[PDB]
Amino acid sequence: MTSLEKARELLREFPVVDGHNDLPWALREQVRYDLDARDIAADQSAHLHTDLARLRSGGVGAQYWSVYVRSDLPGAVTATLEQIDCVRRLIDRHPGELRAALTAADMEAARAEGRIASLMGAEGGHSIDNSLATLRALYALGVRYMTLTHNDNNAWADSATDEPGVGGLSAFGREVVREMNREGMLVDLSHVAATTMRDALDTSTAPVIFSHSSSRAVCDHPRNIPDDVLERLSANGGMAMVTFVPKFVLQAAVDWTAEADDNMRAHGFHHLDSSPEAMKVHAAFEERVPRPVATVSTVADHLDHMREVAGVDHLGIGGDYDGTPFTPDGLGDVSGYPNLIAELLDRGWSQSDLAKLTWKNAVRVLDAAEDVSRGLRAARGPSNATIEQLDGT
């Protein structure tokens, strides 16, 4: 059979655990959670990267659904609860296809019955409003990882896409990591500064993840992971879930985006300005310089290097579907994963290597978080500390 046919066979046995899909935010923005208007039991290819049929075609067996909210707007906690509610509603609406999962055992139970294990990950520490009790409430509601920042610093952690702030984690930031370890919530180091990555690895007594980050050695961008950090994953026991975002994984797209951003500033606009006037400027840039397009090969280049440095036991996949506008050719929506698996087969990845990448590493890591949590919950009570106490007024 072809490598694509073999890939589909392999995914039927050990499907993809995807680290980060922003369907909930997409539903919030497109239809304010009017789920009938974007029914994922129907074909949503006109509007979304994600629906149930395409997930099945793609060999997705578990999904961390992102409960991302904007850090630059007030009411992040309320919005996070709305995002969690959206995930709960999706699970309730589609019991034939989805099964809530809170544990590694739930993931295996879902796989045994042919349902997609549906987990939640918060995207940015702003979702806890500097409150450890709020962190504990998010865990109680089912959140199983939290990205420590999004694109901006928060009071206790530095983002890769902001200026230096506290220098990594503050004292309260370390306290957040400790409490995540005690609860069993995975520490997610996507988005954070390299300083923050190192501080989190120093502090964490559980395996950490990167829910959607690729390799900085392959493509120098702050959203990607440095080799020295990848090297620490074996010891930590965690995993880096490669992402598909072209402006992170393809050198030409990194360079193009930098030039587009410079061009915006040359016209007196902030690079994130989305006014009609700013859009005119950007359209003119794209007219003279077309947007480069990544491929499955681009993503495989990241995985090859990540495998060399981190090891095959420390890799996963986090596509970022419905969280980013552009995709590599062959990975245009959630049905695309078999194309990546086929490319890896062609590059000599073994069947067991691939079962680790798709399924086994993610289950091991969540189980490890549970194991560390058992020990810490038995050893001490929850923290009552405040940011004022640990970081000063």
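In case it trips you up, residue 1 is the first one in the sequence shown, and so on.
Per the PDB record, of the two stretches 230-238 and 196-204, 230-238 carries the greater mean B-factor over its C-alpha atoms. Averaged over Cα atoms, the B-factor as recorded in the entry is higher for 70-78 than for the other of 152-160 and 70-78. In the PDB entry, the Cα temperature factor peaks, among 126, 178, 280, 314, at 280.
In the deposited coordinates, the residue among 144, 270, 174, 212 with the greatest CA B-factor is 270.
When the modelled residues of the chain are ordered by their C-alpha B factor, residue 220 lands in the highest third. The deposited CA B-factor of residue 34 belongs to the highest third of values across its chain. Placement of the Cα temperature factor of residue 57 within the chain: highest third of the modelled residues, per the deposited record. Among the modelled residues of its chain, residue 263 has a C-alpha B-factor that falls in the highest third, as given in the PDB entry. When the modelled residues of the chain are ordered by C-alpha B-factor, residue 256 sits in the middle third.
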